[PDB]
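**Student:** The structure's right below; bear with me while I get my questions together.
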2 protein chains.
Amino acid sequence: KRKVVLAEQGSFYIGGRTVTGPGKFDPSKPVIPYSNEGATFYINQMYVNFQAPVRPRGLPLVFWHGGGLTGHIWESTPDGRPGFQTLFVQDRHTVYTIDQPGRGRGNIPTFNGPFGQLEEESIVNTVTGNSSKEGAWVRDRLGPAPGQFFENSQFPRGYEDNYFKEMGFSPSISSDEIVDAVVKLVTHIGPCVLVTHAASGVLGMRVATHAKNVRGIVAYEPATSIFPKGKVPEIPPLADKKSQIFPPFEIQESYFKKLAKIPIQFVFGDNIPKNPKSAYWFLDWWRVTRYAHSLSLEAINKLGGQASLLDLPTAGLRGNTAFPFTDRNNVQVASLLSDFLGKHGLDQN
Amino acid sequence: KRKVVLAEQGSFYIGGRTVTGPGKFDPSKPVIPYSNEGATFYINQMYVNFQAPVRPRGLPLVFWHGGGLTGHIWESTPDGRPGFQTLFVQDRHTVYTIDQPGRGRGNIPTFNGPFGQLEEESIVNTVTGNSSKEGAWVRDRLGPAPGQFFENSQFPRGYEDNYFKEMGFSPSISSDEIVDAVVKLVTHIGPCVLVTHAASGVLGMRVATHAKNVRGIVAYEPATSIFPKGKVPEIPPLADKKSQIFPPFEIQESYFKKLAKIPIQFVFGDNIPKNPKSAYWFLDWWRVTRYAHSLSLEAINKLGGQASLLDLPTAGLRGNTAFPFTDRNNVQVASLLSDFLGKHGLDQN
Ligand SMILES: COC(=O)c1sccc1S(=O)(=O)NC(=O)Nc1nc(C)nc(OC)n1
Ligand SMILES: COC(=O)c1sccc1S(=O)(=O)NC(=O)Nc1nc(C)nc(OC)n1
């Protein structure tokens, strides 16, 4: 089903701030090579793409890529099948896809000088970090080691080059500024649903606590758990006795309580072990991270919330990676998202 | 005017290579913080988006953004009007838009370490360059000085922030590797037309000399001229009698001659001075750059080519900036592109 009918489509920039260099700009002086002298730079803005169907029904969806990714992951799968953008426009929702600040078409804040440095001010760090193909292979649970696939795999095998090419580094933009850009987008759109992934999971939870217009969250394989400040439960170290999961984010209770006012679903794929796995770090990391999320959702529910954990295997879908929305069964995964939206009337006007 | 019916849409990655860190990857050891140890990194790949109409007519168009830009500039104008992507899908062409290596969703090659450095190897430079808002204002001929508009300007005033937010730095990826990615795309697509802009002007000319599938070129405000090796004509310095335009690119004559085999049109906007303008560097830069391009097109025509220069004011369009395809009269600019495609049979199957 590749055909799609759009009432309108487009893109725009939103959010960000400006920083300035010293001095004055003289238009009679050579403009190239570029100088910081008299310069204004727009930094930390976000790119937003939208596609609206004819006669939309229900709330617009905001798809928010995971760490080191872009909106591409919602456009197409690595093997070229339709992504969630097409599927949900066909499902009669207006769809927004973002490249957050620091990723893709979002701004990378750098100037004339060492990366990230504007004269004596460090806007972002010059030293970067970035996963390897091998790190991403195990992070995303294609298999326990690079080159290997779990038996039930839904990964589009043969398209590894396409898949890994979509990933890259993120400069050290503050998470506050990333959240700020999405809050501004939510203010612009009106009532909407956030659909997050991995690194954007915790960021979307934060956005919802700052933006009443977020009426629901579906988070695919969120990477960092969230708790009320001072109320982080005991979370065990990993099976190597030395590593820990990502430090849970803590927010004041008055903000955490806002998460109890909207439906929230966390979705996990397959091959997360039930028991400690010392031989495979990322598998064990996922075990304990999923556990921490279960406690986070329980925390939301004890405050009167509507938070749930959906393990795709319990719904009859086996072999999903940590990107279930680009796996070979992504249509079925989408069907479960449509089910969530319908249950809560988010597919109704 | 905003409606579009797509037989299919999507995006993919193409081109690039890999580089490897030292050592070995052990999945039992902590994967985060990320390490170069045992790492394979995909670098210099390009992002490609396509939208295909029902019943396409003629050749697909490949829209190639200018320096420091992304495919956003073909999606929408800064004030939210349809870009050339929508207009030409409506004109029944399949439309490709790219983010070239080093820009937007294309790869930015950096690792774990100082920006661009993989251990002892510099893949791209740690020191970046980037235009300011002020430099881009005069580069794009919004007016003679930052914050000032030409009276006749077609720029979408009031949307200055949105416009400048779309611009950013480019890492020092070799032009050879950028051309290589587009050659690979052209091989994948088949016969097509390149539509280029500013910095991508010279790169599209190079692609055509390596790819018979390029059946025509329309270049908006190209930034660097091209000539046969050893046959660069005399080009004057700027009015300051100190500065020069960008050094013309020189290619072997056997490759240059391929440019005579396809229709080529260079398109310029308004407010390029006829006479030396020492007070306004970029205005004077455009005067001499346009002159150099006129000589380049003449050299192609002396080899039997069909290379033309279209000044938009001679077609009745006044006030265009160096981004005519996002200006307020971009529908009229698009009409002139359709005219070029129709005259040369590029809108026929
Ligand atoms: C898409 O990939 C994933 O399935 C996972 S799993 C763990 C991480 C990822 S990720 O999205 O690539 N990046 C991150 O989440 N990185 C990250 N981000 C923040 C804000 N804090 C910290 O703490 C150290 N790490
Ligand atoms: C989008 O803007 C333009 O209408 C123009 S005019 C001159 C350039 C542009 S561009 O596209 O932005 N390129 C760049 O600014 N890139 C660049 N920058 C330097 C410092 N040298 C070189 O030489 C090859 N190219």
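Every chain in the structure tokens takes a letter, A first, then B, and so on in the order presented; its residues are numbered from 1, and the ligands are numbered from 1 following the presented order.
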Within 6 Å of ligand 1, which residues show up when you count only C-alpha atoms and all ligand atoms? List them as a list in words, please.

**Tutor:**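 Counting only C-alpha atoms and all ligand atoms, the residues within 6 Å of ligand 1 come out as residues 66, 67, 68, 139, 140, 198, 199, 223, 246 and 322 of chain A.
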
**Student:** Could you report the residues within 10 Å of ligand 2, using only C-alpha atoms and all ligand atoms, as a ChimeraX atom specification?

**Tutor:** /A:31-35 /B:65-69,129-131,135-141,167-170,175,197-203,220-225,245-249,282,285-286,289,321-323

**Student:** What are the DSSP strand (DSSP E or B) residues of segment 17-210 of chain B, as a VMD selection string?

**Tutor:** chain B and resid 17 to 20 40 to 43 46 to 53 61 to 63 76 82 95 to 99 113 to 114 117 to 118 121 to 122 127 to 128 192 to 197

**Student:** Near residue 107 of chain A, within 12 Å and counting only C-alpha atoms, which residues show up once chain neighbours fewer than 5 positions away are dropped, as a PyMOL selection string?

**Tutor:** (chain A and resi 13-18+41-48+98-102+116+124+170-173+177-178+181) or (chain B and resi 68-70+103-105+164-170)

**Student:** Could those residues be written to a file, using C-alpha atoms, as an mmCIF file, in the first residue's frame?

**Tutor:**
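Dumped to again22.cif:
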data_model
loop_
_atom_site.group_PDB
_atom_site.id
_atom_site.type_symbol
_atom_site.label_atom_id
_atom_site.label_comp_id
_atom_site.auth_asym_id
_atom_site.auth_seq_id
_atom_site.Cartn_x
_atom_site.Cartn_y
_atom_site.Cartn_z
ATOM 1 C CA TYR A 13 12.127 25.424 11.574
ATOM 2 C CA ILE A 14 11.089 26.114 15.165
ATOM 3 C CA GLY A 15 12.846 26.899 18.419
ATOM 4 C CA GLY A 16 16.449 27.789 19.046
ATOM 5 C CA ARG A 17 18.240 30.923 20.124
ATOM 6 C CA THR A 18 20.960 33.175 18.816
ATOM 7 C CA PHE A 41 24.354 32.627 14.600
ATOM 8 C CA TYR A 42 21.042 30.802 14.962
ATOM 9 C CA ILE A 43 21.636 27.716 17.115
ATOM 10 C CA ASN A 44 19.704 24.733 18.472
ATOM 11 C CA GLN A 45 16.684 25.085 16.173
ATOM 12 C CA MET A 46 14.626 22.019 15.198
ATOM 13 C CA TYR A 47 13.459 20.871 11.757
ATOM 14 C CA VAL A 48 9.824 19.776 11.443
ATOM 15 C CA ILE A 98 11.119 16.012 13.532
ATOM 16 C CA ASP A 99 14.891 16.197 13.325
ATOM 17 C CA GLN A 100 15.632 17.371 16.849
ATOM 18 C CA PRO A 101 18.286 20.033 17.537
ATOM 19 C CA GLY A 102 21.706 18.523 16.900
ATOM 20 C CA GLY A 116 31.372 23.955 18.846
ATOM 21 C CA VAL A 124 28.974 22.272 22.451
ATOM 22 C CA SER A 170 24.868 14.128 18.468
ATOM 23 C CA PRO A 171 26.656 17.253 19.731
ATOM 24 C CA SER A 172 26.367 18.061 23.433
ATOM 25 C CA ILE A 173 23.244 20.269 23.235
ATOM 26 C CA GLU A 177 17.017 22.943 24.917
ATOM 27 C CA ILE A 178 15.842 19.851 23.039
ATOM 28 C CA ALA A 181 12.058 23.049 21.037
ATOM 29 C CA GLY B 68 25.161 24.832 3.973
ATOM 30 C CA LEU B 69 21.566 23.857 3.144
ATOM 31 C CA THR B 70 19.387 20.728 2.972
ATOM 32 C CA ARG B 103 24.681 18.181 5.424
ATOM 33 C CA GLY B 104 21.369 17.514 7.128
ATOM 34 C CA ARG B 105 20.484 13.829 7.073
ATOM 35 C CA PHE B 164 18.494 31.658 8.377
ATOM 36 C CA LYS B 165 17.657 28.721 10.665
ATOM 37 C CA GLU B 166 17.858 26.384 7.641
ATOM 38 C CA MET B 167 21.589 27.129 7.136
ATOM 39 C CA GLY B 168 24.621 25.560 8.766
ATOM 40 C CA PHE B 169 28.202 24.385 8.523
ATOM 41 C CA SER B 170 29.701 21.710 6.304
#

**Student:** Quick one: of B:5, B:39, B:260, B:334, who's nearest to residue 305 of chain B, counting only C-alpha atoms?

**Tutor:**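 Distance minimum relative to residue 305 of chain B lands on B:260.
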
**Student:** Which of these residues is nearest to chain B, using only C-alpha atoms: A:64, A:50, A:25, A:325?

**Tutor:**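 Smallest separation from chain B among the options: A:25.
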
**Student:** For the structure I just gave you, how does DSSP split segment 54-96 of chain A - specifically, which residues are alpha helix (DSSP H)? Reply as a PyMOL selection string.

**Tutor:** chain A and resi 72-75+84-90

**Student:** Report as a PDB file with N, CA and C atoms, in the first residue's frame all protein, DNA and RNA residues lying within 10 Å of residue 313 of chain A, evaluated on only C-alpha atoms, omitting residues in the same chain fewer than 2 positions from it.

**Tutor:**
ATOM      1  N   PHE A 268       7.896  -2.693  23.975  1.00  0.00           N
ATOM      2  CA  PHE A 268       9.181  -3.369  23.868  1.00  0.00           C
ATOM      3  C   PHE A 268       9.119  -4.505  22.864  1.00  0.00           C
ATOM      4  N   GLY A 269      10.201  -4.654  22.103  1.00  0.00           N
ATOM      5  CA  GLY A 269      10.362  -5.773  21.193  1.00  0.00           C
ATOM      6  C   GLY A 269      10.806  -7.039  21.897  1.00  0.00           C
ATOM      7  N   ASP A 270      11.466  -7.913  21.142  1.00  0.00           N
ATOM      8  CA  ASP A 270      11.752  -9.272  21.578  1.00  0.00           C
ATOM      9  C   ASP A 270      13.213  -9.410  22.007  1.00  0.00           C
ATOM     10  N   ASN A 271      13.527 -10.576  22.579  1.00  0.00           N
ATOM     11  CA  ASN A 271      14.893 -10.979  22.922  1.00  0.00           C
ATOM     12  C   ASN A 271      15.526 -10.187  24.060  1.00  0.00           C
ATOM     13  N   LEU A 310       3.617  -2.729  26.986  1.00  0.00           N
ATOM     14  CA  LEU A 310       3.234  -3.690  25.960  1.00  0.00           C
ATOM     15  C   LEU A 310       4.495  -4.392  25.471  1.00  0.00           C
ATOM     16  N   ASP A 311       4.630  -5.673  25.807  1.00  0.00           N
ATOM     17  CA  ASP A 311       5.669  -6.512  25.227  1.00  0.00           C
ATOM     18  C   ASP A 311       5.113  -7.110  23.941  1.00  0.00           C
ATOM     19  N   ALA A 315       1.650  -9.859  22.534  1.00  0.00           N
ATOM     20  CA  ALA A 315       0.630  -9.554  21.542  1.00  0.00           C
ATOM     21  C   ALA A 315       0.718 -10.443  20.310  1.00  0.00           C
ATOM     22  N   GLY A 316       1.606 -11.437  20.313  1.00  0.00           N
ATOM     23  CA  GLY A 316       1.717 -12.364  19.206  1.00  0.00           C
ATOM     24  C   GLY A 316       2.746 -12.012  18.156  1.00  0.00           C
ATOM     25  N   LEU A 317       3.590 -11.017  18.405  1.00  0.00           N
ATOM     26  CA  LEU A 317       4.600 -10.585  17.444  1.00  0.00           C
ATOM     27  C   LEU A 317       5.964 -10.971  17.992  1.00  0.00           C
ATOM     28  N   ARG A 318       6.672 -11.835  17.274  1.00  0.00           N
ATOM     29  CA  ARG A 318       7.965 -12.331  17.713  1.00  0.00           C
ATOM     30  C   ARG A 318       9.080 -11.781  16.836  1.00  0.00           C
ATOM     31  N   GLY A 319      10.234 -11.561  17.452  1.00  0.00           N
ATOM     32  CA  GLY A 319      11.434 -11.225  16.718  1.00  0.00           C
ATOM     33  C   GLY A 319      11.709  -9.752  16.517  1.00  0.00           C
ATOM     34  N   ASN A 320      10.950  -8.861  17.143  1.00  0.00           N
ATOM     35  CA  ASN A 320      11.189  -7.442  16.914  1.00  0.00           C
ATOM     36  C   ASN A 320      12.503  -6.983  17.532  1.00  0.00           C
TER      37      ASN A 320
END

**Student:** Do you know which residues are at most 7 Å from residue 329 of chain A counting only C-alpha atoms, after dropping those on the same chain fewer than 3 positions away, and could you put them as a list in words?

**Tutor:** residues 154, 332 and 333 of chain A

**Student:** With distances taken over only C-alpha atoms, which of B:239, B:208, B:288, B:179 is nearest to chain A?

**Tutor:**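 Closest to chain A of all the choices is B:239.
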
**Student:** Please report the interatomic distance between atom CA of residue 97 of chain B and atom CA of residue 110 of chain A in Å with one decimal.

**Tutor:** 24.8 Å

**Student:** Pick from B:113, B:216, B:56, B:78: nearest to residue 326 of chain B, with only C-alpha atoms counted?

**Tutor:**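 Selected residue with least distance to residue 326 of chain B: B:78.
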
**Student:** May I have the residues within 8 Å of residue 58 of chain A as a list in words, using only C-alpha atoms and disregarding those fewer than 3 positions away in the same chain?

**Tutor:**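 Surrounding residues, per the criterion: residues 92, 93, 345, 346, 347, 348 and 349 of chain A.
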
**Student:** Excluding residue 229 of chain B and any residue of its chain fewer than 5 positions from it, enumerate the residues within 7 Å of it, using only C-alpha atoms, and give them as a count of residues only.

**Tutor:** 4

**Student:** From the set A:238, A:185, A:62, A:211, which residue has the shortest atom-to-atom contact distance to chain B, counting only C-alpha atoms?

**Tutor:**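 Checking each candidate against chain B, we get A:238 as the closest.
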
**Student:** Can you measure atom CA of residue 90 of chain A to atom CA of residue 49 of chain B for me? One decimal in Å is fine.

**Tutor:**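 Value for the atom CA of residue 90 of chain A-atom CA of residue 49 of chain B distance: 18.9 Å.
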
**Student:** Closest to chain B among A:187, A:306, A:265, A:51, using only C-alpha atoms?

**Tutor:**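 That would be A:51, the residue with the smallest distance to chain B.
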
**Student:** Interatomic distance between atom CA of residue 77 of chain A and atom CA of residue 180 of chain A?

**Tutor:**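 Answer for the atom CA of residue 77 of chain A to atom CA of residue 180 of chain A separation: 28.8 Å.
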